[PDB]
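Colleague: Structure incoming, see below.
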4 protein chains.
Amino acid sequence: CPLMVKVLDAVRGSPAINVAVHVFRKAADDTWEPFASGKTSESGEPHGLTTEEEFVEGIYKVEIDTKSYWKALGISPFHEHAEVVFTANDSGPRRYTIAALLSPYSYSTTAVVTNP
Amino acid sequence: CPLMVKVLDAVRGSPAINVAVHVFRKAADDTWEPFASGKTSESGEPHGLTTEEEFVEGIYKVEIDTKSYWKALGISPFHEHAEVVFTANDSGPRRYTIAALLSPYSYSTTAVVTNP
Amino acid sequence: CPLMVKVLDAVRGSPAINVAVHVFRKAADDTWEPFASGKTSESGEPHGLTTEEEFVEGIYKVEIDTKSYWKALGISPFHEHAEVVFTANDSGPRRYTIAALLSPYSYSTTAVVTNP
Amino acid sequence: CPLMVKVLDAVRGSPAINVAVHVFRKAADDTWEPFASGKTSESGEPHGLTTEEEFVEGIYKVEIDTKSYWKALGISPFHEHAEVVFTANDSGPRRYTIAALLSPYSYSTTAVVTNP
Ligand SMILES: C[As](C)(=O)[O-]
Ligand SMILES: C[As](C)(=O)[O-]
Ligand SMILES: C[As](C)(=O)[O-]
Ligand SMILES: C[As](C)(=O)[O-]
Ligand SMILES: [Zn+2]
Ligand SMILES: [Zn+2]
Ligand SMILES: [Zn+2]
Ligand SMILES: [Zn+2]
Ligand SMILES: [Zn+2]
Ligand SMILES: [Zn+2]
Ligand SMILES: [Zn+2]
Ligand SMILES: [Zn+2]
């Protein structure tokens, strides 16, 4: 998997399960074209989002539906969602892990970029 | 100031100076209408973005131009920018501080919401 | 104030009120000598911890009683406390802000170091 | 492995390699008895720290030698080290992942606690 998304819940100290994750790729005209989508499993990651071949050079956006996640736990959170926007694979293929750590009024995101 | 944005640099342990901050408000048709803009001063905050009166109930987006900030320090960062999207002032006026802590491959954002 | 401590609650989006903060200074024999102590007010900061004069060059430890803070809100947290250990004022006086952002199973701390 | 430590570098967007990790367990008299130690590999984790059997109920301290890590990269960091202190396994065995995200003037730590 060259693109992995890992979501953690800082209130419960657990992976965040059943979080919607959307990936878009910026198109020729600058609109966000849907690229992939998934829901996090028990490990806090969605199932294989893409392959090395399909994951071409470009600008990507990962959106994580944090608001729905909290609401479903009976918590009213601050953010509508969390997004990460980055350029990928512009000096050859890399593997990307986007980690998001969630609290109701805060979140952190970090990228771990390795060689394949 | 009912809307304050505070940007910190985790590499230098300093406020992030000269960072562009944009605020948008979601319009009737769901497009992001420009609402305010500023550049952080030496304290890492832009100059008074709005007033209590203009800061009406609605969905707001704060974008922080993190990529340009790092590039100008000769660092090549991961994110294109950082954004915070939230609903504001829907149960009366509140004061909002959006804090962003920046590193080249990571950032955290938190909201402090108080009464006026 | 050359040493400020700012504690935020990421679950409530508020300053963390009534948090115990302890400061120690490493002594000649390497034991931690009590240096200052306070409880955060409504702004999430303890009252003036020290003066520029008393805040001499040395190794300092700031402990924040996060466990008691959460327990008192009826939450059972992961950490026993949070600590920050750093050398201060070894190239002349600096002003130090230690910011701590708290969730029940996570916390972040950052230092902002400025000239007086 | 019931106790895992994962260290990430937010400046480089990589696992933090060759970081010293120490684990202590609080003893009958309240002194910190050495429990385990390791250095992070290329994945940012030390090699198997303990077993389910040896990892008994008690208060543990994990120290991460962040200062040496940064210094060795020619960076002068703020913190002397990072520590996490917590009670473990007091309602039966759990698996603990302590994640630390490092920048020169900041760090975050989070715990992921699962059932075996
Ligand atoms: C609620 As959404 C991040 O799928 O537009
Ligand atoms: C580079 As921008 C966040 O002003 O579109
Ligand atoms: C509970 As304490 C950080 O005052 O030893
Ligand atoms: C430098 As150390 C955290 O091993 O005392
Ligand atoms: Zn969605
Ligand atoms: Zn968005
Ligand atoms: Zn801009
Ligand atoms: Zn964006
Ligand atoms: Zn105390
Ligand atoms: Zn401690
Ligand atoms: Zn050591
Ligand atoms: Zn320590």
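Scheme for the structure tokens: letters A, B, ... for chains in order shown; per-chain residue numbers from 1; ligand numbers from 1 in order shown.
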What does the list of residues within 9 Å of ligand 6 look like if you count only C-alpha atoms and all ligand atoms, written as a ChimeraX atom specification?
Modeller: /A:63,80-84 /B:61,83-85
Colleague: Convert the current residue selection to file output with C-alpha atoms, as a PDB file, in the first residue's frame.
Modeller:
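Saved result, selection_35.pdb, follows:
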```
ATOM      1  CA  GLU A  63     -10.310  14.293   4.025  1.00  0.00           C
ATOM      2  CA  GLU A  80     -16.295  19.995  10.395  1.00  0.00           C
ATOM      3  CA  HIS A  81     -13.570  17.586   9.178  1.00  0.00           C
ATOM      4  CA  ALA A  82      -9.798  17.326   8.881  1.00  0.00           C
ATOM      5  CA  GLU A  83      -7.934  17.544   5.612  1.00  0.00           C
ATOM      6  CA  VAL A  84      -4.379  16.980   4.460  1.00  0.00           C
TER       7      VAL A  84
ATOM      8  CA  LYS B  61     -12.699  28.247   6.951  1.00  0.00           C
ATOM      9  CA  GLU B  83      -7.000  24.570   7.078  1.00  0.00           C
ATOM     10  CA  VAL B  84      -9.516  24.649   9.896  1.00  0.00           C
ATOM     11  CA  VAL B  85     -13.248  24.444   9.060  1.00  0.00           C
TER      12      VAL B  85
END
```
Colleague: With 10 Å as the limit and counting only C-alpha atoms, what residues in chain C lie close to chain D? Please list them as a PyMOL selection string.
Modeller: chain C and resi 59-61+67+77-88+98-113
Colleague: Give me, as a list in words, the set of residues whose atoms come within 10 Å of any atom of ligand 5, counting only C-alpha atoms and all ligand atoms.
Modeller: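 Protein and nucleic-acid residues within 10 Å of ligand 5: residues 19, 20, 21, 22, 23, 37, 38, 39, 63, 64, 65, 66, 67, 68 and 81 of chain A.
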Colleague: Save out the residues we just selected, N, CA and C atoms, as a PDB file, in the first residue's frame.
Modeller:
```
ATOM      1  N   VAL A  19     -14.327   5.581  10.680  1.00  0.00           N
ATOM      2  CA  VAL A  19     -14.175   6.944  10.207  1.00  0.00           C
ATOM      3  C   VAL A  19     -14.129   6.935   8.690  1.00  0.00           C
ATOM      4  N   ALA A  20     -14.932   7.785   8.049  1.00  0.00           N
ATOM      5  CA  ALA A  20     -14.867   7.945   6.589  1.00  0.00           C
ATOM      6  C   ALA A  20     -13.616   8.715   6.166  1.00  0.00           C
ATOM      7  N   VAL A  21     -12.925   8.181   5.167  1.00  0.00           N
ATOM      8  CA  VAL A  21     -11.716   8.797   4.637  1.00  0.00           C
ATOM      9  C   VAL A  21     -11.937   8.965   3.145  1.00  0.00           C
ATOM     10  N   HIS A  22     -11.744  10.166   2.629  1.00  0.00           N
ATOM     11  CA  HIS A  22     -11.862  10.408   1.199  1.00  0.00           C
ATOM     12  C   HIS A  22     -10.527  10.906   0.675  1.00  0.00           C
ATOM     13  N   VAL A  23     -10.133  10.422  -0.500  1.00  0.00           N
ATOM     14  CA  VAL A  23      -8.962  10.935  -1.205  1.00  0.00           C
ATOM     15  C   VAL A  23      -9.362  11.563  -2.541  1.00  0.00           C
ATOM     16  N   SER A  37     -11.849   6.120  -1.600  1.00  0.00           N
ATOM     17  CA  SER A  37     -12.582   6.328  -0.362  1.00  0.00           C
ATOM     18  C   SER A  37     -12.636   5.036   0.444  1.00  0.00           C
ATOM     19  N   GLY A  38     -12.749   5.163   1.761  1.00  0.00           N
ATOM     20  CA  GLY A  38     -12.809   4.007   2.631  1.00  0.00           C
ATOM     21  C   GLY A  38     -13.260   4.410   4.019  1.00  0.00           C
ATOM     22  N   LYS A  39     -13.475   3.430   4.878  1.00  0.00           N
ATOM     23  CA  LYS A  39     -13.861   3.685   6.253  1.00  0.00           C
ATOM     24  C   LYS A  39     -12.832   2.948   7.056  1.00  0.00           C
ATOM     25  N   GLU A  63      -9.354  13.711   3.108  1.00  0.00           N
ATOM     26  CA  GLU A  63     -10.310  14.293   4.025  1.00  0.00           C
ATOM     27  C   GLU A  63     -10.724  13.204   4.960  1.00  0.00           C
ATOM     28  N   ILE A  64     -10.826  13.551   6.235  1.00  0.00           N
ATOM     29  CA  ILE A  64     -11.207  12.611   7.254  1.00  0.00           C
ATOM     30  C   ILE A  64     -12.461  13.178   7.945  1.00  0.00           C
ATOM     31  N   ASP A  65     -13.520  12.388   8.001  1.00  0.00           N
ATOM     32  CA  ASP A  65     -14.809  12.910   8.425  1.00  0.00           C
ATOM     33  C   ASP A  65     -14.864  12.924   9.939  1.00  0.00           C
ATOM     34  N   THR A  66     -14.120  13.832  10.562  1.00  0.00           N
ATOM     35  CA  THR A  66     -13.992  13.773  12.010  1.00  0.00           C
ATOM     36  C   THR A  66     -15.336  14.134  12.697  1.00  0.00           C
ATOM     37  N   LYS A  67     -16.105  15.026  12.080  1.00  0.00           N
ATOM     38  CA  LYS A  67     -17.296  15.503  12.778  1.00  0.00           C
ATOM     39  C   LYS A  67     -18.291  14.379  12.987  1.00  0.00           C
ATOM     40  N   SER A  68     -18.540  13.596  11.936  1.00  0.00           N
ATOM     41  CA  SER A  68     -19.466  12.459  12.016  1.00  0.00           C
ATOM     42  C   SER A  68     -18.982  11.438  13.003  1.00  0.00           C
ATOM     43  N   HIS A  81     -14.352  18.745   9.634  1.00  0.00           N
ATOM     44  CA  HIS A  81     -13.570  17.586   9.178  1.00  0.00           C
ATOM     45  C   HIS A  81     -12.099  17.972   9.296  1.00  0.00           C
TER      46      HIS A  81
END
```
Colleague: Can you list, as a PyMOL selection string, every protein, DNA or RNA residue that comes within 12 Å of residue 55 (chain D) when you count only C-alpha atoms, leaving out same-chain residues fewer than 6 positions away?
Modeller: chain D and resi 1-4+23-25+35-36+48-49+87-90+92-96
Colleague: Output the selection as a CSV table (one decimal), in the first residue's frame - C-alpha atoms for each residue.
Modeller:
```csv
chain,number,residue,atom,x,y,z
D,1,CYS,CA,4.7,-7.4,22.2
D,2,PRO,CA,2.6,-5.9,24.9
D,3,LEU,CA,4.6,-2.7,25.1
D,4,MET,CA,5.6,-0.9,21.9
D,23,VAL,CA,11.6,1.8,30.6
D,24,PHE,CA,11.5,1.9,34.3
D,25,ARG,CA,9.1,0.3,36.8
D,35,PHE,CA,12.9,-2.5,33.5
D,36,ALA,CA,14.0,-2.6,29.8
D,48,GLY,CA,10.8,-6.3,21.8
D,49,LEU,CA,11.0,-4.6,25.1
D,87,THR,CA,-0.1,2.7,35.3
D,88,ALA,CA,-0.3,-0.5,33.3
D,89,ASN,CA,-2.2,-3.8,33.4
D,90,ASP,CA,-4.2,-3.1,36.5
D,92,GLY,CA,-5.7,-7.5,33.3
D,93,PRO,CA,-3.2,-7.5,30.5
D,94,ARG,CA,-3.3,-4.8,27.8
D,95,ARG,CA,-1.1,-4.1,24.9
D,96,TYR,CA,0.3,-0.5,25.0
```
Colleague: In Å, with one decimal, what is the gap from CA of residue 7 (chain C) to CA of residue 62 (chain C)?
Modeller: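 Result for CA of residue 7 (chain C) versus CA of residue 62 (chain C): 12.0 Å, one decimal.
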Colleague: For a test of reading the model, state the distance in Å between CA of residue 56 (chain C) and CA of residue 27 (chain C), rounded to one decimal.
Modeller: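 Distance reported for this atom pair: 12.0 Å.
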Colleague: As a PyMOL selection string, please: every residue in chain B that DSSP puts in alpha helix (DSSP H).
Modeller: chain B and resi 66-71
Colleague: Calculate how many Å separate CA of residue 16 (chain B) from CA of residue 114 (chain C), rounding to one decimal.
Modeller: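 Atom-to-atom, CA of residue 16 (chain B) to CA of residue 114 (chain C), that is 12.1 Å.
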Colleague: Name the residues of chain B that come out as strand (DSSP E or B) in a backbone DSSP run; write them as a PyMOL selection string.
Modeller: chain B and resi 3-9+14-15+20-26+32-39+58-64+79+82-88+90+92+95-103+106-114
Colleague: Taking into account only C-alpha atoms and all ligand atoms, which residue in the set C:91, C:15, C:69, C:28 is nearest to ligand 9?
Modeller: C:69
Colleague: Can you work out which one of D:52, D:30, D:45, D:57 has the shortest atom-to-atom distance to residue 5 (chain D), counting only C-alpha atoms?
Modeller: D:45
